[PDB]
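For reference, model33.txt (compact mmCIF, C-alpha atoms and all ligand atoms):
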```
# COMPACT_ATOMS: atom_id res chain seq x y z
CA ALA A 162 106.24 -57.16 -117.16
CA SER A 163 103.24 -57.09 -114.88
CA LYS A 164 103.53 -60.84 -114.34
CA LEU A 165 106.90 -60.25 -112.65
CA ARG A 166 105.43 -57.67 -110.27
CA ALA A 167 102.54 -60.04 -109.50
CA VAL A 168 104.99 -62.85 -108.68
CA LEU A 169 106.91 -60.47 -106.42
CA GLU A 170 103.69 -59.40 -104.67
CA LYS A 171 102.81 -63.06 -104.05
CA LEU A 172 106.26 -63.63 -102.55
CA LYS A 173 105.91 -60.61 -100.22
CA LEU A 174 102.47 -61.69 -99.00
CA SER A 175 103.98 -65.14 -98.35
CA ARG A 176 106.82 -63.50 -96.40
CA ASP A 177 104.80 -61.24 -94.04
CA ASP A 178 103.57 -64.04 -91.70
CA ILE A 179 107.09 -65.35 -90.91
CA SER A 180 107.72 -62.82 -88.12
CA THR A 181 106.03 -65.43 -85.86
CA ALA A 182 107.85 -68.58 -87.05
CA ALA A 183 111.14 -66.65 -86.91
CA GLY A 184 110.70 -66.31 -83.15
CA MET A 185 110.26 -70.07 -82.80
CA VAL A 186 113.37 -70.64 -84.90
CA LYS A 187 115.32 -68.21 -82.72
CA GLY A 188 114.21 -70.02 -79.58
CA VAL A 189 115.10 -73.49 -80.82
CA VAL A 190 118.49 -72.29 -82.09
CA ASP A 191 119.29 -70.47 -78.85
CA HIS A 192 118.41 -73.64 -76.92
CA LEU A 193 120.62 -75.88 -79.04
CA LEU A 194 123.49 -73.40 -78.74
CA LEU A 195 123.27 -73.26 -74.95
CA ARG A 196 123.22 -77.07 -75.02
CA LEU A 197 126.20 -77.43 -77.37
CA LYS A 198 128.23 -75.07 -75.14
CA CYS A 199 128.03 -77.67 -72.35
CA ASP A 200 129.99 -80.15 -74.49
CA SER A 201 133.77 -80.12 -74.15
CA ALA A 202 134.32 -80.08 -77.92
CA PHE A 203 131.89 -77.30 -78.90
CA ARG A 204 132.63 -74.59 -76.34
CA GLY A 205 132.99 -71.81 -78.93
CA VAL A 206 129.85 -72.44 -81.02
CA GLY A 207 127.45 -69.73 -82.16
CA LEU A 208 125.50 -68.23 -85.06
CA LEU A 209 127.09 -66.47 -87.98
CA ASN A 210 127.21 -62.76 -87.23
CA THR A 211 124.92 -62.15 -90.20
CA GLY A 212 122.29 -60.15 -88.31
CA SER A 213 119.83 -63.01 -88.74
CA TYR A 214 119.29 -66.32 -86.98
CA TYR A 215 118.48 -67.81 -90.38
CA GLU A 216 118.60 -67.57 -94.17
CA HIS A 217 116.26 -68.97 -96.86
CA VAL A 218 117.71 -71.15 -99.61
CA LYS A 219 114.23 -71.50 -101.17
CA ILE A 220 112.08 -68.39 -101.65
CA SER A 221 108.96 -70.49 -102.49
CA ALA A 222 109.22 -72.43 -99.19
CA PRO A 223 108.82 -69.90 -96.33
CA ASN A 224 108.69 -72.95 -94.02
CA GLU A 225 112.27 -74.20 -94.70
CA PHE A 226 114.86 -72.27 -92.70
CA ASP A 227 118.65 -72.60 -93.01
CA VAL A 228 120.90 -71.81 -90.06
CA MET A 229 124.64 -72.09 -89.81
CA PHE A 230 126.64 -72.63 -86.61
CA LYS A 231 130.21 -71.29 -86.56
CA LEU A 232 132.90 -72.70 -84.26
CA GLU A 233 135.90 -70.51 -83.36
CA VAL A 234 139.01 -72.70 -83.26
CA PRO A 235 142.77 -72.40 -82.69
CA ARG A 236 144.83 -71.32 -85.66
CA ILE A 237 143.91 -73.58 -88.56
CA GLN A 238 146.28 -74.89 -91.23
CA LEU A 239 144.85 -76.09 -94.56
CA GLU A 240 145.92 -78.71 -97.13
CA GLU A 241 144.39 -78.79 -100.61
CA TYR A 242 142.72 -81.98 -101.84
CA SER A 243 143.42 -83.10 -105.43
CA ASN A 244 143.66 -79.53 -106.77
CA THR A 245 139.93 -79.05 -106.19
CA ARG A 246 140.60 -75.40 -105.23
CA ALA A 247 137.71 -75.56 -102.75
CA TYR A 248 138.07 -78.76 -100.69
CA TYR A 249 140.73 -79.04 -97.94
CA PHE A 250 141.95 -81.17 -95.01
CA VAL A 251 142.26 -79.25 -91.70
CA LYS A 252 145.28 -79.46 -89.37
CA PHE A 253 146.02 -77.54 -86.16
CA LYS A 254 148.82 -75.00 -85.79
CA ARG A 255 149.76 -76.76 -82.52
CA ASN A 256 147.99 -79.05 -80.00
CA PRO A 261 140.57 -78.63 -76.96
CA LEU A 262 139.10 -80.27 -80.12
CA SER A 263 141.86 -82.86 -79.85
CA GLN A 264 139.22 -85.59 -79.44
CA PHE A 265 138.18 -85.28 -83.12
CA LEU A 266 141.69 -85.78 -84.56
CA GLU A 267 142.40 -88.68 -86.91
CA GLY A 268 146.17 -88.30 -87.05
CA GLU A 269 146.98 -84.84 -88.30
CA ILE A 270 143.59 -84.43 -90.02
CA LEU A 271 140.52 -83.08 -88.22
CA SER A 272 137.86 -85.72 -88.87
CA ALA A 273 134.69 -84.28 -90.39
CA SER A 274 132.89 -87.59 -89.87
CA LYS A 275 133.69 -87.84 -86.15
CA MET A 276 132.77 -84.23 -85.46
CA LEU A 277 129.47 -84.60 -87.34
CA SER A 278 128.67 -87.76 -85.37
CA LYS A 279 129.16 -86.05 -82.01
CA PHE A 280 127.25 -83.02 -83.32
CA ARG A 281 124.27 -85.20 -84.35
CA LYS A 282 124.36 -87.18 -81.09
CA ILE A 283 124.22 -83.99 -79.00
CA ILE A 284 121.32 -82.83 -81.19
CA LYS A 285 119.30 -86.08 -80.89
CA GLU A 286 119.60 -86.10 -77.10
CA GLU A 287 118.83 -82.39 -76.61
CA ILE A 288 115.86 -82.49 -79.05
CA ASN A 289 114.29 -85.44 -77.23
CA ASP A 290 113.78 -82.87 -74.41
CA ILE A 291 112.03 -80.25 -76.60
CA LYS A 292 108.40 -80.29 -77.74
CA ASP A 293 107.28 -80.98 -81.32
CA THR A 294 110.90 -81.24 -82.54
CA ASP A 295 112.01 -84.30 -84.57
CA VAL A 296 115.43 -85.03 -86.12
CA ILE A 297 115.31 -86.58 -89.61
CA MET A 298 117.90 -88.31 -91.80
CA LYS A 299 119.32 -85.96 -94.44
CA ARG A 300 122.85 -87.37 -94.74
CA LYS A 301 122.45 -87.70 -98.53
CA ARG A 302 123.63 -84.04 -98.59
CA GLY A 303 127.26 -85.10 -97.89
CA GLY A 304 127.72 -83.73 -94.36
CA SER A 305 126.22 -80.24 -94.98
CA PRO A 306 123.67 -79.50 -93.79
CA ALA A 307 124.61 -81.63 -90.83
CA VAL A 308 121.10 -81.90 -89.37
CA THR A 309 117.51 -81.18 -90.45
CA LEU A 310 115.23 -80.33 -87.51
CA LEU A 311 111.41 -80.56 -87.76
CA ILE A 312 108.89 -78.58 -85.64
CA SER A 313 105.08 -79.03 -85.70
CA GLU A 314 105.53 -80.96 -88.99
CA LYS A 315 105.38 -77.56 -90.77
CA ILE A 316 108.79 -75.98 -89.89
CA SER A 317 111.97 -77.49 -91.41
CA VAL A 318 115.38 -76.06 -90.45
CA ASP A 319 118.68 -77.30 -91.92
CA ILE A 320 121.67 -76.78 -89.61
CA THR A 321 125.15 -76.68 -91.12
CA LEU A 322 128.28 -76.66 -89.01
CA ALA A 323 131.14 -74.35 -90.03
CA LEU A 324 134.69 -73.75 -88.77
CA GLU A 325 135.74 -70.09 -88.60
CA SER A 326 139.26 -69.13 -89.72
CA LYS A 327 140.51 -65.61 -89.02
CA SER A 328 143.52 -66.29 -91.25
CA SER A 329 143.89 -64.78 -94.70
CA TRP A 330 141.68 -66.24 -97.40
CA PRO A 331 143.20 -69.23 -99.22
CA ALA A 332 145.14 -68.68 -102.39
CA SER A 333 142.32 -70.03 -104.56
CA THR A 334 140.36 -66.91 -103.63
CA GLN A 335 142.99 -64.53 -104.91
CA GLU A 336 141.31 -63.80 -108.22
CA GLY A 337 137.75 -64.07 -106.94
CA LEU A 338 135.38 -61.47 -105.56
CA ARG A 339 135.89 -59.20 -108.59
CA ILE A 340 133.88 -56.34 -107.15
CA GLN A 341 136.44 -53.62 -107.88
CA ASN A 342 134.53 -51.79 -110.64
CA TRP A 343 131.21 -52.39 -108.88
CA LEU A 344 131.69 -52.11 -105.07
CA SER A 345 135.23 -50.57 -105.18
CA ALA A 346 138.60 -52.02 -104.33
CA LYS A 347 138.46 -50.61 -100.80
CA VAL A 348 135.37 -52.69 -100.10
CA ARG A 349 137.04 -55.77 -101.57
CA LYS A 350 140.05 -55.30 -99.29
CA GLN A 351 137.80 -54.76 -96.27
CA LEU A 352 135.71 -57.87 -97.03
CA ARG A 353 138.79 -60.06 -97.56
CA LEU A 354 140.05 -58.98 -94.11
CA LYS A 355 137.04 -60.79 -92.60
CA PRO A 356 137.29 -64.48 -91.63
CA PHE A 357 136.23 -67.36 -93.89
CA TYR A 358 134.43 -70.60 -93.04
CA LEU A 359 134.88 -74.33 -93.63
CA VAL A 360 131.93 -76.76 -93.86
CA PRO A 361 132.23 -80.58 -93.87
CA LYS A 362 131.57 -81.70 -97.49
CA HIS A 363 133.13 -84.68 -99.29
CA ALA A 364 134.22 -84.94 -102.93
CA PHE A 370 134.10 -90.56 -102.95
CA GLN A 371 136.34 -88.73 -100.41
CA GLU A 372 135.43 -89.01 -96.71
CA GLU A 373 137.15 -86.24 -94.71
CA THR A 374 137.32 -82.98 -96.70
CA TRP A 375 136.00 -79.48 -95.91
CA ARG A 376 134.77 -76.81 -98.33
CA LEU A 377 135.16 -73.04 -98.30
CA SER A 378 132.16 -70.87 -97.40
CA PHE A 379 131.57 -67.11 -97.73
CA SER A 380 127.85 -66.87 -96.95
CA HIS A 381 128.49 -63.85 -94.72
CA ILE A 382 130.23 -62.02 -97.58
CA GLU A 383 127.40 -62.94 -99.94
CA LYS A 384 124.84 -61.59 -97.47
CA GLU A 385 126.90 -58.40 -97.01
CA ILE A 386 127.00 -57.90 -100.80
CA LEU A 387 123.29 -58.50 -101.29
CA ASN A 388 122.30 -56.04 -98.56
CA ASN A 389 124.87 -53.46 -99.70
CA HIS A 390 124.71 -54.09 -103.41
CA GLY A 391 124.93 -50.74 -105.15
CA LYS A 392 127.64 -48.53 -106.47
CA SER A 393 125.99 -45.70 -104.58
CA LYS A 394 126.33 -46.12 -100.84
CA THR A 395 122.70 -45.04 -100.53
CA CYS A 396 121.23 -47.55 -102.99
CA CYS A 397 117.76 -48.61 -101.93
CA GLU A 398 118.00 -46.20 -99.00
CA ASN A 399 115.68 -43.57 -100.48
CA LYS A 400 112.93 -43.64 -103.10
CA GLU A 401 115.05 -41.88 -105.75
CA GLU A 402 117.55 -44.77 -105.91
CA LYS A 403 115.39 -47.93 -106.08
CA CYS A 404 117.21 -50.50 -108.20
CA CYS A 405 115.97 -53.98 -109.06
CA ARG A 406 118.96 -56.21 -108.22
CA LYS A 407 117.33 -58.01 -105.28
CA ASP A 408 114.12 -58.35 -107.28
CA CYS A 409 116.02 -59.95 -110.18
CA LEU A 410 117.67 -62.34 -107.77
CA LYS A 411 114.24 -63.22 -106.33
CA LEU A 412 112.97 -63.87 -109.86
CA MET A 413 115.94 -66.14 -110.64
CA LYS A 414 115.56 -68.15 -107.44
CA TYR A 415 111.82 -68.59 -108.04
CA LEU A 416 112.23 -69.62 -111.65
CA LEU A 417 114.68 -72.32 -110.60
CA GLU A 418 112.52 -73.48 -107.69
CA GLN A 419 109.40 -73.71 -109.89
CA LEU A 420 111.28 -75.62 -112.59
CA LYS A 421 112.73 -78.00 -110.02
CA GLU A 422 109.28 -78.64 -108.52
CA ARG A 423 107.67 -79.11 -111.95
CA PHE A 424 110.26 -81.68 -113.04
CA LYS A 425 111.08 -83.17 -109.63
CA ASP A 426 110.40 -86.61 -111.14
CA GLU A 427 112.96 -86.23 -113.91
CA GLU A 428 116.34 -86.39 -112.10
CA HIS A 429 117.83 -83.89 -114.51
CA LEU A 430 117.40 -80.81 -112.22
CA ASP A 431 118.41 -82.27 -108.88
CA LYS A 432 121.97 -80.93 -108.62
CA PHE A 433 120.97 -77.30 -109.38
CA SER A 434 120.37 -75.02 -106.39
CA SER A 435 119.84 -71.36 -105.58
CA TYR A 436 123.59 -71.06 -105.03
CA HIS A 437 124.04 -71.44 -108.80
CA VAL A 438 121.66 -68.60 -109.66
CA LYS A 439 123.19 -66.51 -106.90
CA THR A 440 126.68 -67.08 -108.33
CA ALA A 441 125.52 -66.17 -111.82
CA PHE A 442 123.74 -63.11 -110.50
CA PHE A 443 126.90 -61.88 -108.78
CA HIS A 444 128.74 -62.29 -112.07
CA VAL A 445 126.03 -60.25 -113.82
CA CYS A 446 126.43 -57.58 -111.15
CA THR A 447 130.15 -57.52 -111.93
CA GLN A 448 129.34 -57.25 -115.63
CA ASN A 449 126.76 -54.50 -115.07
CA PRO A 450 128.35 -52.38 -112.32
CA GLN A 451 126.27 -49.21 -112.71
CA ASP A 452 123.10 -48.69 -110.74
CA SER A 453 121.60 -47.04 -113.83
CA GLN A 454 121.72 -50.54 -115.44
CA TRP A 455 119.35 -51.74 -112.68
CA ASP A 456 116.68 -49.06 -112.85
CA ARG A 457 113.48 -50.18 -111.17
CA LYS A 458 111.71 -49.29 -114.43
CA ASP A 459 113.82 -51.77 -116.47
CA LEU A 460 112.92 -54.80 -114.34
CA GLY A 461 111.95 -56.93 -117.33
CA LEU A 462 115.11 -56.09 -119.25
CA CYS A 463 117.36 -56.67 -116.23
CA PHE A 464 115.76 -60.00 -115.38
CA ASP A 465 116.20 -60.94 -119.03
CA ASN A 466 119.92 -60.08 -118.75
CA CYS A 467 120.18 -62.42 -115.75
CA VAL A 468 118.29 -65.23 -117.51
CA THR A 469 120.38 -65.01 -120.68
CA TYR A 470 123.66 -64.93 -118.71
CA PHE A 471 122.58 -68.03 -116.76
CA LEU A 472 121.83 -69.71 -120.10
CA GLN A 473 125.31 -68.81 -121.35
CA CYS A 474 126.79 -70.49 -118.26
CA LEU A 475 124.64 -73.59 -118.88
CA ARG A 476 125.60 -73.94 -122.55
CA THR A 477 129.33 -73.36 -122.06
CA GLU A 478 129.24 -75.54 -118.92
CA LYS A 479 131.14 -72.79 -117.06
CA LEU A 480 129.81 -71.26 -113.83
CA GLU A 481 132.80 -70.14 -111.78
CA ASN A 482 132.47 -69.89 -108.04
CA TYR A 483 132.32 -66.18 -107.32
CA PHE A 484 135.11 -66.52 -104.77
CA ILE A 485 137.14 -69.35 -106.32
CA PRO A 486 137.19 -68.89 -110.11
CA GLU A 487 138.98 -72.18 -110.77
CA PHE A 488 136.03 -74.05 -109.22
CA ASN A 489 133.63 -74.66 -112.06
CA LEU A 490 130.24 -75.27 -110.46
CA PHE A 491 128.99 -76.49 -113.84
CA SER A 492 131.83 -78.99 -114.06
CA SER A 493 131.19 -82.23 -115.91
CA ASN A 494 132.52 -83.81 -112.70
CA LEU A 495 129.66 -82.18 -110.72
CA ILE A 496 126.68 -82.04 -113.14
CA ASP A 497 126.29 -84.12 -116.31
CA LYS A 498 126.06 -82.41 -119.68
CA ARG A 499 122.56 -83.74 -120.37
CA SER A 500 121.28 -82.23 -117.10
CA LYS A 501 122.70 -78.84 -118.09
CA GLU A 502 121.09 -79.29 -121.53
CA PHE A 503 117.74 -80.17 -119.96
CA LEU A 504 117.80 -76.99 -117.86
CA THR A 505 118.87 -74.99 -120.90
CA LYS A 506 115.90 -76.21 -122.95
CA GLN A 507 113.44 -75.51 -120.14
CA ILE A 508 114.74 -72.03 -119.49
CA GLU A 509 114.68 -71.27 -123.22
CA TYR A 510 111.07 -72.52 -123.34
CA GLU A 511 110.00 -70.30 -120.43
CA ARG A 512 111.82 -67.34 -121.98
CA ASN A 513 110.13 -67.89 -125.34
CA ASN A 514 106.68 -68.39 -123.75
CA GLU A 515 106.62 -65.46 -121.27
CA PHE A 516 107.37 -67.83 -118.37
CA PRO A 517 104.21 -69.91 -117.90
CA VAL A 518 105.60 -71.05 -114.52
CA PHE A 519 104.81 -67.54 -113.24
CA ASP A 520 101.03 -67.85 -113.83
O1 LIG B 1 127.57 -72.31 -99.66
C1 LIG B 1 127.25 -73.03 -100.57
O2 LIG B 1 128.25 -73.37 -101.45
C2 LIG B 1 128.03 -74.19 -102.54
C3 LIG B 1 129.14 -74.45 -103.33
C4 LIG B 1 128.99 -75.26 -104.45
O3 LIG B 1 130.05 -75.54 -105.25
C5 LIG B 1 127.73 -75.81 -104.77
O4 LIG B 1 127.66 -76.60 -105.88
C6 LIG B 1 126.65 -75.54 -103.97
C7 LIG B 1 126.77 -74.72 -102.83
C8 LIG B 1 125.66 -74.40 -101.94
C9 LIG B 1 124.36 -74.88 -102.15
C10 LIG B 1 123.33 -74.57 -101.30
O5 LIG B 1 122.05 -75.01 -101.46
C11 LIG B 1 123.58 -73.73 -100.19
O6 LIG B 1 122.52 -73.45 -99.38
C12 LIG B 1 124.83 -73.24 -99.96
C13 LIG B 1 125.90 -73.56 -100.83
ZN ZN B 2 119.64 -51.06 -104.91
```
Structure translated into structure tokens:
Amino acid sequence: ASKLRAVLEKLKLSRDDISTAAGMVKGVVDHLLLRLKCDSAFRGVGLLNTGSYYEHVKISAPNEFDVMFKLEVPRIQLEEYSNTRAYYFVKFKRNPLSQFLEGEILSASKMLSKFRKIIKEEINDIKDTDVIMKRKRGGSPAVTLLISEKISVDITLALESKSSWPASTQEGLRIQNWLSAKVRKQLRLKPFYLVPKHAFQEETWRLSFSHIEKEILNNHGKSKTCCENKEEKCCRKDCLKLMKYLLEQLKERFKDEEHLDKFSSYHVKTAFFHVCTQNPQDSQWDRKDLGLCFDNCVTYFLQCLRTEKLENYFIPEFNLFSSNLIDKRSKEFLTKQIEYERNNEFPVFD
């Protein structure tokens, strides 16, 4: 459809002017890292080795950045919480970060408090940089920095574990018929991350594989040279852009009906990875079949909404569409709206 290409062109024109705000983001992040190194608890803090200071959770908000700070720690031991498959208490192999211990458990609350305090005091020194209260997110992102009242950056703290991935990830990352089993082995040799998120609960941590997700998106083809020359231009990243934008537009349209609050771009990204697994051939993502491919993604996301099943791509026992996480009527609301847009040629794209 031409409307899809027009939407993509709008998104690219919106993206070209960032190369100036990205420098500001890099400066502020570098400053806060050099500050956090001075603390006795955060000596090994840094940015995820993702080749970018930042990511973008929202494609329709080029002003909202998302950075993640990793903290290399002594050998970590993990305990599962209530068979959640994703949430864990952290212990230390043996006796630095000792100040944040609450018994045998590493306190997420205490560490986040010191993190935020260090932020507040080091941002009072900067210029046009205000800290705001976004603790309604359940510890992650930890902070939400504000520059010139037009730049918003969410900062999430993450613990790096160079151990083997937890057992819940054993049947995840099913990229064997798509990106090969060698690549899956290589990726699972990389470390994993733990972010402070609660379940009621007040001291749990959740698994994070944003680096692996970024690696997959930027190396997404069966052919190693996908999207490296003009003869192999597939439309996977364009379909993902279309899915993110559809969700963002629907969430902005119905921001006053609290039925689309708990949906995020992580859901469409998870579904999209599953569709990639289902459609492993690059020929199934020809740049000429953009409409058909996007329609495959939309219909698969609808299937996940109706059946209330959206497995985490790395932890398949974690149902992101769990009745414990999102109510059935909210899923049904999103299903109706997506069916409406699909039956009416997506009026949100006009
Ligand atoms: O790493 C993320 O993991 C998740 C896991 C979940 O189960 C979930 O429901 C949401 C997320 C999620 C949502 C975001 O907006 C984001 O920027 C990152 C993540
Ligand atoms: Zn490609």
Could you list, with a cut-off of 7 Å and counting all atoms listed in the file, the residues of chain A near ligand ZN 2 (chain B), each shown with its nearest atom pair and the distance in Å rounded to one decimal, rows sorted by chain and ascending number, as a Markdown table?
```
| residue | atom | partner | partner_atom | distance |
| --- | --- | --- | --- | --- |
| A:390 | CA | B:ZN2 | ZN | 6.1 |
| A:391 | CA | B:ZN2 | ZN | 5.3 |
| A:396 | CA | B:ZN2 | ZN | 4.3 |
| A:397 | CA | B:ZN2 | ZN | 4.3 |
| A:402 | CA | B:ZN2 | ZN | 6.7 |
| A:403 | CA | B:ZN2 | ZN | 5.4 |
| A:404 | CA | B:ZN2 | ZN | 4.1 |
| A:405 | CA | B:ZN2 | ZN | 6.3 |
| A:406 | CA | B:ZN2 | ZN | 6.2 |
```
Please identify all polymer residues within 12 Å of residue 182 in chain A, counting all atoms listed in the file, omitting same-chain residues fewer than 3 positions from it, and present them as a CSV table (one decimal) with C-alpha atoms, keeping the file's coordinate frame.
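The resulting file, around38.csv, is reproduced below:
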```csv
chain,number,residue,atom,x,y,z
A,176,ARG,CA,106.8,-63.5,-96.4
A,177,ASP,CA,104.8,-61.2,-94.0
A,178,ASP,CA,103.6,-64.0,-91.7
A,179,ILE,CA,107.1,-65.4,-90.9
A,185,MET,CA,110.3,-70.1,-82.8
A,186,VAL,CA,113.4,-70.6,-84.9
A,187,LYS,CA,115.3,-68.2,-82.7
A,188,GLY,CA,114.2,-70.0,-79.6
A,189,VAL,CA,115.1,-73.5,-80.8
A,214,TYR,CA,119.3,-66.3,-87.0
A,215,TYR,CA,118.5,-67.8,-90.4
A,223,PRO,CA,108.8,-69.9,-96.3
A,224,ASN,CA,108.7,-73.0,-94.0
A,225,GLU,CA,112.3,-74.2,-94.7
A,226,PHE,CA,114.9,-72.3,-92.7
A,312,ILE,CA,108.9,-78.6,-85.6
A,313,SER,CA,105.1,-79.0,-85.7
A,315,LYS,CA,105.4,-77.6,-90.8
A,316,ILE,CA,108.8,-76.0,-89.9
A,317,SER,CA,112.0,-77.5,-91.4
A,318,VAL,CA,115.4,-76.1,-90.4
```
Task: Residue nearest ligand LIG 1 (chain B) among A:424, A:503, A:248, A:470 (counting only C-alpha atoms and all ligand atoms) - done: A:248
Open item on the list: Please list as a PyMOL selection string every residue within 9 Å of range 283-299 of chain A, counting all atoms listed in the file and excluding residues in the same chain fewer than 5 positions away.
Closed with: chain A and resi 189+192-193+196-197+200+278+304-314
Can you tell me which residues surround residue 164 in chain A at a distance of at most 9 Å, considering all atoms listed in the file, apart from same-chain residues fewer than 4 positions away, and format the answer as a CSV table (one decimal) with C-alpha atoms, in the frame of the given file?
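The resulting selection.csv:
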```
chain,number,residue,atom,x,y,z
A,168,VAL,CA,105.0,-62.8,-108.7
A,169,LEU,CA,106.9,-60.5,-106.4
A,515,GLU,CA,106.6,-65.5,-121.3
A,516,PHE,CA,107.4,-67.8,-118.4
A,519,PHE,CA,104.8,-67.5,-113.2
A,520,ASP,CA,101.0,-67.8,-113.8
```
TODO: Pick out the residues no farther than 9 Å from ligand LIG 1 (chain B), counting all atoms listed in the file, and list them as an MDAnalysis selection string.
DONE: chainID A and resid 216:219 227 247 305:306 360 376:380 432:437 481:482 488:491 495
Task: Nearest-residue call for residue 428 in chain A, choices A:383, A:497, A:401, A:408, using only C-alpha atoms - done: A:497
Task: Nearest-residue call for residue 329 in chain A, choices A:255, A:498, A:350, A:512, using all atoms listed in the file - done: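 For residue 329 in chain A, the nearest of the candidates is A:350.
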Task: Atom-to-atom span, CA of residue 513 in chain A and CA of residue 453 in chain A, Å - done: 26.4 Å
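CA of residue 356 in chain A lies 17.7 Å from CA of residue 250 in chain A.
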- [ ] Tell me which protein, DNA and RNA residues are within 7 Å of range 231-238 of chain A, counting all atoms listed in the file, leaving out same-chain ones fewer than 5 positions away, and put them as a count of residues only.
- [x] 14
Open item on the list: Quick check, in Å to one decimal: how far apart do CA of residue 244 in chain A and CA of residue 333 in chain A lie?
Closed with: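 CA of residue 244 in chain A sits 9.8 Å away from CA of residue 333 in chain A.
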What are the centre and edge lengths in Å, to one decimal, of the axis-aligned box around all listed atoms of range 282-293 of chain A with 5 Å added on each side, as lines of an AutoDock Vina configuration file?
```
center_x = 115.8
center_y = -83.7
center_z = -77.9
size_x = 27.1
size_y = 16.9
size_z = 16.9
```
